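Working notes, structure below.
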Amino acid sequence: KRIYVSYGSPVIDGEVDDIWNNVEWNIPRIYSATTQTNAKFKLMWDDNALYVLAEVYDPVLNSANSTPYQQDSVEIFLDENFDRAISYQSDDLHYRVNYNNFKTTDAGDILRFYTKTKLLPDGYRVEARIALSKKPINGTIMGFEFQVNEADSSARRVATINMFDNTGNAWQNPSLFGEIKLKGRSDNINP
Ligand SMILES: OC[C@H]1O[C@@H](O)[C@H](O)[C@@H](O)[C@@H]1O
Ligand SMILES: [Ca+2]
Ligand SMILES: [Ca+2]
Ligand SMILES: [Ca+2]
């Protein structure tokens with residue numbers, strides 16, 4: 001399916017910009033197994049960047065596991081040119097940030113990836129910016145997929161939560177991502 005992204009430039013703090021409450025939550029519904037952990041996320045775009053605000057309900061937080069994806073984290077995947085390739089292309093991006101704000105990259109240049117995270121009672125918040133290389137304009141479509149790695153007190157990932165891909169191959173296969181179409185940028189203060 002296709003998510004529609006409104007135009008806007010939020011401030012990366014791990015605080016909720018006023019302008020975030022004007023767009024909608026997205027619910028990832030693909031669970032690997034049954035779990036307490038739930039999530040919701042919002043999207044925005046501006047002339048330079050893609051913006052993501054995520055909130056995870058998760059009562060037990062762990063990142064003792066030295067495997068990045070085996071920590072309470074979230075992963076974002078991007079197909080910028082919208083190649084819907086079978087394997088990762090030169091413009092394909094795959095990053096991850098744990099609750100502590102520790103960033104790791106599976107695909108693409110991590111210098112593009114700017115993140116802050118806040119602890120909440122029984123969860124955390126992630127606010128990320130991704131520098132765009134292509135000039136985003138209304139109607140632009142890209143590949144996008146979102147995932148929540150849920151670990152337990154054993155320091156191991158027990159469950160995943162996915163927005164688009166239920167197969168578990170998002171980390172291999174760009175074509176498994178979903179759609180984001182950008183809209184809402186102007187064509188054109190009085191004190
Ligand atoms: O390190 C690559 C990892 O990427 C993640 O997207 C997947 O959930 C893991 O199963 C995979 O091993
Ligand atoms: Ca903010
Ligand atoms: Ca957990
Ligand atoms: Ca691509």
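Ordering of the structure tokens sets the chain letters (A, B, ...); residue numbers start at 1 within each chain; ligands are numbered from 1 in the order shown.
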| said: ligand 4: which residues are within 6 Å, counting only C-alpha atoms and all ligand atoms? Reply as a VMD selection string. | reply: chain A and resid 79 to 83 89 91 to 92
Per residue of chain A within 9 Å of ligand 2, note the shortest atom pair and the distance in Å to one decimal, counting only C-alpha atoms and all ligand atoms, and order the rows by chain and increasing residue number, as a tab-separated table.
```
residue	atom	partner	partner_atom_place_in_ligand_line	distance
A:10	CA	ligand 2	1 (Ca)	5.4
A:11	CA	ligand 2	1 (Ca)	4.0
A:12	CA	ligand 2	1 (Ca)	4.7
A:13	CA	ligand 2	1 (Ca)	4.8
A:14	CA	ligand 2	1 (Ca)	5.7
A:15	CA	ligand 2	1 (Ca)	4.4
A:16	CA	ligand 2	1 (Ca)	4.8
A:17	CA	ligand 2	1 (Ca)	4.3
A:18	CA	ligand 2	1 (Ca)	8.1
A:19	CA	ligand 2	1 (Ca)	8.8
A:20	CA	ligand 2	1 (Ca)	8.3
A:53	CA	ligand 2	1 (Ca)	8.6
A:127	CA	ligand 2	1 (Ca)	7.3
```
Run DSSP on the backbone of this structure and report the residues of chain A it assigns to helix (DSSP H, G or I), as an mmCIF file with N, CA and C atoms, in the first residue's frame.
```cif
data_model
loop_
_atom_site.group_PDB
_atom_site.id
_atom_site.type_symbol
_atom_site.label_atom_id
_atom_site.label_comp_id
_atom_site.auth_asym_id
_atom_site.auth_seq_id
_atom_site.Cartn_x
_atom_site.Cartn_y
_atom_site.Cartn_z
ATOM 1 N N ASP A 18 4.670 20.672 17.340
ATOM 2 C CA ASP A 18 3.265 21.007 17.172
ATOM 3 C C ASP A 18 2.759 20.465 15.836
ATOM 4 N N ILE A 19 3.634 20.493 14.825
ATOM 5 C CA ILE A 19 3.266 20.210 13.448
ATOM 6 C C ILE A 19 3.155 18.700 13.214
ATOM 7 N N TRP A 20 3.531 17.898 14.220
ATOM 8 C CA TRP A 20 3.397 16.452 14.134
ATOM 9 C C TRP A 20 1.951 16.044 14.426
ATOM 10 N N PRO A 68 23.451 -5.333 16.691
ATOM 11 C CA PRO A 68 22.652 -4.106 16.649
ATOM 12 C C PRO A 68 21.159 -4.405 16.584
ATOM 13 N N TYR A 69 20.798 -5.395 15.758
ATOM 14 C CA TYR A 69 19.407 -5.722 15.492
ATOM 15 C C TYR A 69 18.833 -6.603 16.605
ATOM 16 N N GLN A 70 19.680 -6.966 17.579
ATOM 17 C CA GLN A 70 19.261 -7.777 18.713
ATOM 18 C C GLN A 70 19.058 -6.891 19.941
ATOM 19 N N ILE A 110 25.785 6.584 6.578
ATOM 20 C CA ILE A 110 25.202 6.901 7.876
ATOM 21 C C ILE A 110 25.310 8.398 8.174
ATOM 22 N N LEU A 111 26.115 9.116 7.386
ATOM 23 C CA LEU A 111 26.272 10.547 7.588
ATOM 24 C C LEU A 111 24.965 11.260 7.259
ATOM 25 N N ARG A 112 24.043 10.540 6.614
ATOM 26 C CA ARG A 112 22.779 11.113 6.189
ATOM 27 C C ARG A 112 21.741 11.010 7.307
ATOM 28 N N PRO A 174 14.881 -4.710 -1.586
ATOM 29 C CA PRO A 174 14.208 -3.421 -1.754
ATOM 30 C C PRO A 174 12.762 -3.511 -2.235
ATOM 31 N N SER A 175 12.498 -4.421 -3.179
ATOM 32 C CA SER A 175 11.185 -4.503 -3.799
ATOM 33 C C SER A 175 10.120 -4.882 -2.772
ATOM 34 N N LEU A 176 10.555 -5.276 -1.567
ATOM 35 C CA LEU A 176 9.624 -5.671 -0.522
ATOM 36 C C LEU A 176 9.052 -4.461 0.215
#
```
| Backbone-only DSSP, strand (DSSP E) members of segment 30-157 of chain A, as a PyMOL selection string | chain A and resi 30-31+38-46+49-57+73-79+92-98+103-107+113-120+123-131+141-151+157
| request: Have a look at A:169, A:34, A:63, A:6 and name the one nearest to ligand 3; count only C-alpha atoms and all ligand atoms. | output: A:63
| task | Give the answer as one residue: which of A:32, A:161, A:50, A:104 has the shortest atom-to-atom distance to residue 67 of chain A, using only C-alpha atoms? | result | A:104
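When only C-alpha atoms and all ligand atoms are used to compute distances to ligand 3, the closest of the residues A:55, A:152, A:165, A:24 turns out to be A:152.
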| request: Using only C-alpha atoms and all ligand atoms, find each protein or nucleic acid residue lying at most 12 Å from ligand 1; present the set as a VMD selection string. | output: chain A and resid 31 to 32 66 to 77 93 to 96 104 to 107 145 to 151 157 to 162 165 to 174 176 to 177
| request: Skip residue 140 of chain A itself and residues of its chain fewer than 3 positions away, then list as a PyMOL selection string all residues within 10 Å of it, counting only C-alpha atoms. | output: chain A and resi 5+80-82+134-137+180-183
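Shortest atom-to-atom contact with ligand 3 among A:179, A:109, A:47, A:122: A:122, counting only C-alpha atoms and all ligand atoms.
The gap separating atom CA of residue 33 of chain A from atom CA of residue 143 of chain A is 25.3 Å, in Å to one decimal.
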